[PDB]
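Take a look at the structure below.
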Amino acid sequence: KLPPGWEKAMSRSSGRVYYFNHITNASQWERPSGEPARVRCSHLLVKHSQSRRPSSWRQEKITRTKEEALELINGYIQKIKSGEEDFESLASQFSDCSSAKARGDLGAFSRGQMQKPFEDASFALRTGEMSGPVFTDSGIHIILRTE
Ligand SMILES: Cn1ccccc1=O
Ligand SMILES: Cn1ccccc1=O
């Protein structure tokens, strides 16, 4: 029926159907369109107190809760989708990863290099698409597939 990971869902507020991807946590009104050795992604990471290393270039000691981190991720997604903010600008300013200095770019990678939820979401994204919140031991990620 639909591409890998996608399923139909029902909007509680509006009653209109939408599409949700359980690998990438992406959700959208439009029916999704239509695997490579390598993909290229950028990401925006929000760390929290249970992160594998609760530190970043932004904060020596990261104290926010997982729930607080998810709220921040949700808000960044809203601003990217409305177009008030660009993914790359938010990543440079707010990502808790060293890759913030490269507008979130991680370069290209193969399967078996990244943490598995990040890998699976990256390879289920189509070129140019963006994930919802993706959870790993580092924190909570927004992922943008660029190649
Ligand atoms: C095809 N399509 C169109 C608009 C937003 C998302 C998407 O996947
Ligand atoms: C997202 N990411 C970045 C570096 C190493 C592993 C990983 O999952």
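Whatever order the structure lists ligands and atoms in, that order sets their numbers, starting from 1. We're numbering straight along the sequence, starting at 1. These numbers come from the heavy atoms of this one structure, side chains and all, not from hydrogens, waters or symmetry mates.
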Are there any protein N or O atoms under 3.5 Å from the N or O atoms of ligand 2? List them with distances, or say none.
from	atom 1	to	atom 2	distance (Å)
ligand 2	8 (O)	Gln115	N	2.9
ligand 2	8 (O)	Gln115	NE2	3.4

Legend entry - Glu60, CD: over 12 other non-hydrogen atoms inside 6.0 angstrom: no
Inset, instruction - Decide whether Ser99 and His43 meet the rule of one side-chain donor and one side-chain acceptor closer than 3.5 Å. - result: yes
Legend entry - ILVMFWY cluster, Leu106 and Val134 together (side-chain gap under 4.5 Å): yes
Inset, instruction - Could you state whether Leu125 and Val39 fall into the same hydrophobic cluster, counting links through intermediate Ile, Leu, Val, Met, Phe, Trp or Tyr residues with side-chain heavy atoms under 4.5 angstrom apart? - result: yes
Legend entry - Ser89 and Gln93 side chains, donor-acceptor separation under 3.5 Å: yes
Legend entry - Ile77 reachable from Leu90 in the ILVMFWY side-chain graph, under 4.5 Å edges: yes
Legend entry - Close-contact set for ligand 1 against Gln28 heavy atoms, below 4.0 Å: 6 (C), 7 (C), 8 (O)
